[PDB]
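Heads up: the structure comes next, in structure tokens.
Just so it is clear, the values below take in all heavy atoms, side chains as well, and ignore hydrogens, waters and symmetry mates. Below, chains carry the letters A, B, ... as their sequence lines are ordered, and counting in each starts from 1.
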Amino acid sequence: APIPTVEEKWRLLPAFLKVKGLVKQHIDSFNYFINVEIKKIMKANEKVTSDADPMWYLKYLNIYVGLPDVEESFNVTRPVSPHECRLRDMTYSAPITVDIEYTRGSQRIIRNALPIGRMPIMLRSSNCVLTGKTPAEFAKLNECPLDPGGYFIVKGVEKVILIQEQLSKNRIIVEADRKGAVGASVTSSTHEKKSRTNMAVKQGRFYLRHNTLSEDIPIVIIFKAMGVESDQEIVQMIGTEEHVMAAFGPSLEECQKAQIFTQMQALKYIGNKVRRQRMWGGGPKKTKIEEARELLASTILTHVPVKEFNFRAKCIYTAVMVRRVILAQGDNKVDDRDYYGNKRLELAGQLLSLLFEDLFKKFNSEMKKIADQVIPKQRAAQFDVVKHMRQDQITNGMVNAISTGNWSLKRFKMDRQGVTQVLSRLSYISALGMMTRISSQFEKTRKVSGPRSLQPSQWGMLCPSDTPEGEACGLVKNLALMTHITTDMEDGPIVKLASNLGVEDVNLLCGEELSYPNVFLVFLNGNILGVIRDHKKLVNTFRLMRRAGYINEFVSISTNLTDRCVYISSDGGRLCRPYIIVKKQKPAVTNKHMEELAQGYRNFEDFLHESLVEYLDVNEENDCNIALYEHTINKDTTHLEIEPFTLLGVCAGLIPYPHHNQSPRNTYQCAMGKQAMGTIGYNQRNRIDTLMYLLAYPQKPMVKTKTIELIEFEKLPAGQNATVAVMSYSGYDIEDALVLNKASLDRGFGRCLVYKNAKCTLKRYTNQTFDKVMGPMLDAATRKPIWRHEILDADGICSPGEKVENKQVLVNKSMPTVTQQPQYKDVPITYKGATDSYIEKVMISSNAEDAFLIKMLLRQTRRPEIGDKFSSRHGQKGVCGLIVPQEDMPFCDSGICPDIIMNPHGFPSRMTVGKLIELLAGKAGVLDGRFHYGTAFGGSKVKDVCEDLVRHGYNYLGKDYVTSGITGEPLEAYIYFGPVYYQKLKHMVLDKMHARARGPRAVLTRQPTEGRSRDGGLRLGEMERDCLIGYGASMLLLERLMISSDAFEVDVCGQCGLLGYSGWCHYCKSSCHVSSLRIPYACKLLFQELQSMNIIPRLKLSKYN
Amino acid sequence: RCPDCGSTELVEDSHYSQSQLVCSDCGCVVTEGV
Amino acid sequence: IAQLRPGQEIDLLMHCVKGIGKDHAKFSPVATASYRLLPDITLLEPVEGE
Amino acid sequence: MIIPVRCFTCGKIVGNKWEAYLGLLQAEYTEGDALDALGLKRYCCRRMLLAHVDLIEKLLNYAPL
Amino acid sequence: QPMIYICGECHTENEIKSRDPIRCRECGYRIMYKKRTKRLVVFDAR
Amino acid sequence: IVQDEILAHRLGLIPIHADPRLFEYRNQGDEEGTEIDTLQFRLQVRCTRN
RNA sequence: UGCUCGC
Ligand SMILES: Nc1nc2c(ncn2[C@@H]2O[C@H](COP(=O)(O)OP(=O)(O)OP(=O)(O)O)[C@@H](O)[C@H]2O)c(=O)[nH]1
Ligand SMILES: Nc1ncnc2c1ncn2[C@@H]1O[C@H](COP(=O)(O)OP(=O)(O)OP(=O)(O)O)C[C@H]1O
Ligand SMILES: [Mg+2]
Ligand SMILES: [Zn+2]
Ligand SMILES: [Zn+2]
Ligand SMILES: [Zn+2]
């Protein structure tokens, strides 16, 4: 009697994608920032006033962001589309205005609409013009309907703010030190200050270390300073276990060694260990004990609040910390940093909120300074802020922080880099996967190899296979297909329900109750909420109340029996995943609910409200029991997995049958699909980017995953299905190589288009002179333009439709040299290119600064050849080794010749059975006119495709009788034929081909330049020099590193040993001992630099004999 | 002027990433390298 | 060949010359020209029944 | 973008059988029976017509016109 | 010499001379493309 | 909207019903073409609203 | 300088 299974259960996934999913995270975060958080920030700094001239103030009333507009028109705004901002190389922002009231001459003056800045508008947000639009209206705005959005457009470039990952704040971390000492650390972070205080056991006793103390002091002294003076109460608070007292004995003995027995003595001892913050302004007037008490109340353990100098909660907190350290000092139960239950994810919303708060505080400080400087000495003409409210401050700050990507917040002392990254437009999959990226706080510079591991906590939250292969392996990750990031809650009803549920106040009882085995501590965001007995009832009631709707569904509750702590988490950034609730071996979701969802009676919110599906956090799912399938449900099951294939991310979803392949193969496939060539969107023709790759005849895959249908990848494919035959042919496919068919490439297979952009600017300078474009310099001999100016039109700008060759001008730009007649020198935009290019379009735009921006879109049509890199959607990257004619290709009985011949030897070492399954499913599908599914942990089975093959008259294993095309005789072994979805990569041999003549050299060191765009040469590295040394080729090494790279002839004086010039020594004022000498130029530079460093190298020359 | 033939047909023609001012009549390389 | 919209125009002349399929596949006259060996299935023993 | 004229593997003329195929999609014919009625015996032309996406009209929707 | 351009939304032939603010009649769009050349261009079917 | 190179490639794949035996191979070069060894096809389509 | 990549 098998348990009934809901077949339509997977239908819960698309509905969840209707309100949440891939791109909704950043959109919702930006909307919450621009609709709620900005108002709170404005309210926090609503009033600003100066100390001088009292009764003067500047009061903010309400702030608005409005709709995106452009300041091109003279003092007039105009609606502008994001594509127009991309074309004009401007920013897509909306004017931040605010209504205010102030006092000019003690008379209240109010302004109802006064702009103060410009906020860059995230695409597809609440205020973005793209939202609430139909695909026809998207076409009217030249924007792709399938574009994910959620990225900023600044100065014409698309920047994406990656999701930041960090450790959770206000949490005790027990960890071993460098010397093996198991200590504790707590980074108490409030809205104002973040302070990491540590506790060590370096000498069998516990010392507390903080940045505000000169030397670490015993914990018992701090206990005595915080109100509790009796040692018995301290011991009761620490614990009543015999081993606990045995471990804490040395601390009590060390405390009794000194004469510290009262609160005053301990406070004086602490103040003696307090150092002033470099002569703080103001008379101290015996603040030692006061400074100590203030550091204990405010600086130390900021997250633990003291009502009115009552350190009872702080005492209980540090006692629990000491108890945890004592318990961890035995059995090595050291907490791990890689546990994602202690991780927090900051979206663009929180970062933008912090940045806007910092910018507004800086603006208010600048306004207060201007007031203090202007009001008391200017004139009877009353000063008003309106004449000094600079509007470029916030705008420039936002633009720079978004574009450059470096964020420096002095108010929070946060110096971050790489926050924003250029959106990759290689393909639709590339942008869709980059939109859901997550960077690590480790900020890779070294081999940590501790967060780079794949932790089991990433289940359902982050994609295990999707990771950049290279130095960033493991520290750059991707979110799962079905995941959600929580926001901040009010935390009020949580406290109310906890107090009403029997949680005893910690101030009512002593710390001895903390040592009882049945008493469980309840926390709240790192704050000790209290104690409780029979925590099972508490947890069950809290979960039932959350399911009922009286508590927010994102509030998480977990229990740690080892530490006996009930954690209640309500802060934002936590990862949650929907799960079907299971009660008494039967899921709450039935077939009737799925039928109602399919018919439209209910949505995912109805499933959430009816206690059917609930969100689980990592900490909460740590205590819950989840079943993968219905048949796995047992008596002790609390939740059911919605869909297993949701474990993979977006890029991993393209893999057909990924569970049949190896994990490095899946990782390489994700990495190559991020670089897969194909269509970008429906507006890819009007789009003008610096580099674009398009496919001539893209085709949707035959074996498509359900994730492909969810992300609508089939509407924008990035590859072609080719009849691949797995066999060895001509020995030109030895290692990963593949043989292509000449006739196939001749008929359009693999044909690709490369679009490049050439931009030029004609700007007006300070002087009343402008850059002007001269006409084509016609040759008087033939009355026709010269070969260089052949493609130019009458206006000096190259016209679309013609072909451009190497060293030809596109824009005949001439710029003045003055900034009396203006003198113009020519700086034309020449086209550097090995092959010819065709001009598709030329866009001419005009900015507010009268600068004409001209963009030419050059197009190149390229055919697959030897050297082009090809992928097969399974990590089997390959290079075209040989292009054989059609007649040389083997043929079957039906006469089909394969397009791509791949080596079978790549299969055994990599075990890519998924490729064979995909080939078989695709063959069956193209035979019966169907699209088989390669869904992870499912999909079409092998038996079904075998039956489909045997029904159509083909072999049930793909292997078919094939006759050799060369000899005309049949092969002894059958060949594995079938359609495989091969995708071409951006790595081309034409772009990677490089050859270096003498060429240019660098000014500092006369050596070839670095890159290919700079016409650089290849570098003989240190290891190459080592190899040449090992070979013993002295003359070859000398010719390479001296003769051919930086050879020079200097003049050295044989008397003083210094370097001369033109056969003359200025030091000795003679030229008889000066002799020429061959030398590397870098060596002469080193000698000169050493002479500059007073390290004078004196060369004693001699004859070569 | 060209140092060999004395002609004034000195053209700046870059040959495979090598800036070179060369005479257009006799092909004498006047200046090379930048 | 292609699909157009109002305003767009396609004007061109095409010069066609003689060529063989070896140079380019566009000169291939046959779509599928193949040959197969004639099968001859033989029964070693008389098979009857279902 | 647009339906290719020649099949990649064999080379049978397939560009002229696209719109009629769409007609067979406008009719009650499924994929397999329509591909059979069009005369595509080998599976290469079936894959060519079935896996092709018609992106030309989506681009013409963004054309200047 | 009449230099002709095409607007981004009206798609009308507009004649503007040098040093003119880039605009188009009966609208306000500021994206101005250049018309295709009239010179003969030879292409290879390869 | 179709690219010029893609348009030329699609036009090249279009077969011609001309008898090849009645023509000859074009000599090396000679892009102008002669009556014997070339054929010309004019394609002029202007799309407009009905 | 930064960063995404290619092995
Ligand atoms: N922020 C930034 N810094 C740069 C950039 N290019 C170079 N630098 C800085 O300059 C140093 C390297 O200089 P180079 O790249 O050798 O400068 P260069 O290419 O010789 O300059 P040119 O002679 O003008 O080509 C680095 O330490 C960088 O900090 C850039 O594009 N942005
Ligand atoms: N950081 C690097 N330093 C030196 N060589 C590198 C580096 N990254 C890549 N390579 C080059 O690439 C090669 C690495 O390939 P290898 O690791 O042997 O196969 P693989 O990448 O594991 O492929 P599979 O995943 O096994 O299919 C060897 C090396 O010459
Ligand atoms: Mg390699
Ligand atoms: Zn000397
Ligand atoms: Zn075919
Ligand atoms: Zn217009």
Side-chain angles (χ1 to χ4, degrees), chain A residues 151-152 154-155 157-165 351 399-408 414-446 466-468 470-478 650-651 664-665 667-678 680 689-693 718 734-737 752 754 867-871 875-881 906 909-910 983-994 1002 1004 1009-1014 1016 1018-1019 1021 1023-1024:
Chain A
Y151 54 91
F152 298 92
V154 280
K155 294 174 295 182
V157 311
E158 302 173 352
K159 294 301 180 62
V160 186
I161 302 181
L162 299 183
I163 308 176
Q164 299 293 338
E165 182 183 4
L351 303 179
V399 167
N400 295 18
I402 292 187
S403 187
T404 61
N406 58 331
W407 296 40
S408 60
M414 300 171 59
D415 187 8
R416 295 184 176 182
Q417 294 182 358
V419 181
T420 68
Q421 291 187 357
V422 186
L423 180 56
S424 60
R425 283 298 181 179
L426 302 179
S427 180
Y428 171 79
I429 295 299
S430 180
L432 188 54
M434 192 178 184
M435 184 57 188
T436 61
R437 283 186 176 183
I438 293 182
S439 60
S440 301
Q441 188 186 3
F442 289 83
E443 216 68 273
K444 160 252 310 173
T445 316
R446 85 271 182 181
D466 193 0
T467 170
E471 57 179 4
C473 180
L475 297 190
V476 180
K477 298 159 298 300
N478 287 25
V650 181
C651 300
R665 306 290 84 85
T667 298
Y668 294 157
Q669 160 58 16
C670 296
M672 295 311 167
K674 285 183 174 55
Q675 306 176 10
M677 182 176 306
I680 302 179
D689 293 341
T690 177
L691 183 60
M692 178 171 60
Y693 298 97
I734 300 298
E735 301 189 8
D736 302 330
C752 56
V754 181
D868 297 5
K869 190 173 182 179
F870 279 86
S871 181
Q876 296 280 2
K877 49 187 174 183
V879 178
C880 175
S909 60
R910 303 180 180 181
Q983 49 182 4
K984 185 178 181 180
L985 299 182
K986 56 177 296 299
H987 300 282
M988 299 180 180
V989 63
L990 181 60
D991 301 330
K992 292 179 176 301
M993 182 185 64
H994 182 56
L1004 183 57
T1009 52
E1010 294 221 3
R1012 182 178 178 269
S1013 298
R1014 320 180 189 275
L1018 278 303
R1019 160 168 176 164
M1023 304 182 302
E1024 288 74 5

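Between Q421(A) and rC3(G) there is no side-chain polar atom (N or O) within less than 4.0 angstrom of OP1 or OP2. At the phosphate of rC5(G), neither OP1 nor OP2 sits under 4.0 Å from any side-chain N or O atom of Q675(A). Between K869(A) and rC7(G) there is a side-chain polar atom (N or O) within less than 4.0 angstrom of OP1 or OP2.
Among the atoms of the strands shown, none is found under 4.0 Å from any heavy atom of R425(A). Heavy atoms of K986(A) sit nowhere under 4.0 angstrom from any nucleic acid atom.
Of the possible donor and acceptor atoms, one in the side chain of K477(A) sits under 3.5 Å from a partner among the backbone N and O of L475(A). Judged by distance alone, with hydrogens and angles left aside, the side-chain atoms of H994(A) form a donor-acceptor pair with the main-chain N or O of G1016(A) at under 3.5 Å.
For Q675(A) and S430(A), the side-chain atoms include no donor-acceptor pair closer than 3.5 Å. Side-chain contact annotation: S424(A) with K674(A), donor-acceptor N/O pair under 3.5 Å absent.
Under the side chain to side chain donor-acceptor pair (under 3.5 Å) criterion, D991(A) pairs with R862(A), sequence neighbours left out.
Atom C1' of nucleotide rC5(G) and atom CG of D466(A) are separated by 15 Å, given to the nearest angstrom. Protein atom CD of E735(A) is 15 Å distant from nucleotide atom P of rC7(G), rounded to whole Å. In this structure, CG of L162(A) is placed 12 Å from P of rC3(G), rounded to the nearest angstrom. As a whole-Å value, the separation of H987(A) NE2 from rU4(G) P is 15 Å. Per the geometry, CE belonging to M988(A) stands 15 Å off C1' belonging to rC5(G), to the nearest Å. In this structure, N478(A) atom CG and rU4(G) atom P are separated by 13 Å, rounded to whole Å. The separation between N400(A) atom CG and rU1(G) atom P is 20 Å, rounded to whole Å. Rounding to whole angstrom units, OH of residue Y693(A) and P of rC5(G) are separated by 15 Å.
Of the candidate nucleotides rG2(G), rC7(G), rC5(G), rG2(G) has the atom lying nearest to any side-chain atom of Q417(A). For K877(A), taking side-chain heavy atoms from C-beta onward, the closest of the listed nucleotides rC7(G), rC5(G), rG6(G) is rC7(G).
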